[PDB]
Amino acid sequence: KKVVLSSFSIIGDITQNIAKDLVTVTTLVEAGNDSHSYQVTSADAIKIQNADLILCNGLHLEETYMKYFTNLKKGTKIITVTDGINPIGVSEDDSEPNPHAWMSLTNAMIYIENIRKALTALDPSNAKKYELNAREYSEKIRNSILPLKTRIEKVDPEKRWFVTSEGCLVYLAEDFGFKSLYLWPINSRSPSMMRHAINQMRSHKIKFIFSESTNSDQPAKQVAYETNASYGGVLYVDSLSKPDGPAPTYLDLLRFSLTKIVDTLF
């Protein structure tokens, strides 16, 4: 049986829905661990050796541990599952890419397609099954998420703002036609970014700011105070939750976080 290693929990869950036990799906950065700065263990090195295929996000998500994907099994390729997604930069223009492409309905379909394609090239005799599974999963995502988009798109143009702590929603904003504000591009944080957000929230009368499941809520709450806005609560973006949490799957993560956003806009 072939072994397919996903770089983190979001990609692992997507792959599991497409492969459905036709391959063994493993995960490097397990749910709860930090996708942005991970220490690859010895046990992890065994997962890397066993991999017949390695599925990465790209957009520099894995940059600090790409070095561990070496001395690989003969023939094992590293696939970047964000291929075909136009990068959004971390700056305010040339700059480093924002990695959070999976927070998008459109991009969900592209992650699924790239993974379907890589599974099919790895294991061509199950092409018909990956093809079916990918369509079914794609429809499942669309059926859960599209009603949230539809609700979201009723928002008045001057209220089209996603304001968060990490810049985790820049692809969602682009996908749905919103503008995004945040306090730092990627979790790992500076004064002028905070000052800019405070000034922008006031000028545009923004009502809510979120934090996220793997970072502190303190900067968001402080910003809420200084802007006369409200703290919106915690979104799930960087990792699946634990199994009895609210976002144990990619579908659940999108649905939870987008539900929470829409319930704030109205």
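A residue's number is simply how far along the shown sequence it sits, counting from 1. Just so we're on the same page, rigid core means the largest C-alpha set that superposes within 1.5 Å between forms.
Averaged as a root mean square over residues and superposed structures in 4 other deposited structures of this protein, CA distances to the shown form are larger in 34-42; the pair compared was 208-216 and 34-42 with a core fit. Residue-level annotation: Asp123 has coordinates in all of the other entries compared, counting only those that model residues on either side of it, so it never reaches the one-third mark. Gaps at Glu153 occur in none of the other compared entries of the protein that contain both adjacent residues, all of which model it rather than a third dropping it. In terms of unmodelled positions of the deposited sequence, the stretch from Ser188 to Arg189 in this entry skips 1 to 3 residues. Unmodelled residues of the deposited sequence between neighbouring positions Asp93 and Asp94 number 1 to 3. Comparing the deposited coordinates for 172-180 and 99-107, the stretch with the larger average C-alpha B-factor is 172-180. The PDB entry records a higher mean C-alpha B factor for 158-166 than for its counterpart among 158-166 and 143-151. Residue-level inspection of the entry shows that, of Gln222, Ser239, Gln49, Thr41, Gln222 has the top Cα B-factor. When the C-alpha B-factors of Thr227, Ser213, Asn57, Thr27 are ranked from the entry, the top spot goes to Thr227. Residue-level temperature factors show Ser192 in the highest third of its chain, judged at the C-alpha atom.
Split the chain's modelled residues into thirds by C-alpha temperature factor. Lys128 is in the highest one. Remark: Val234 belongs to the middle third of its chain, ranked by C-alpha B-factor as recorded. In the deposited entry, the Cα temperature factor of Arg116 places it in the lowest third of its chain's modelled residues. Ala31: CA B factor in the highest third of modelled residues in this chain (values from the PDB entry).
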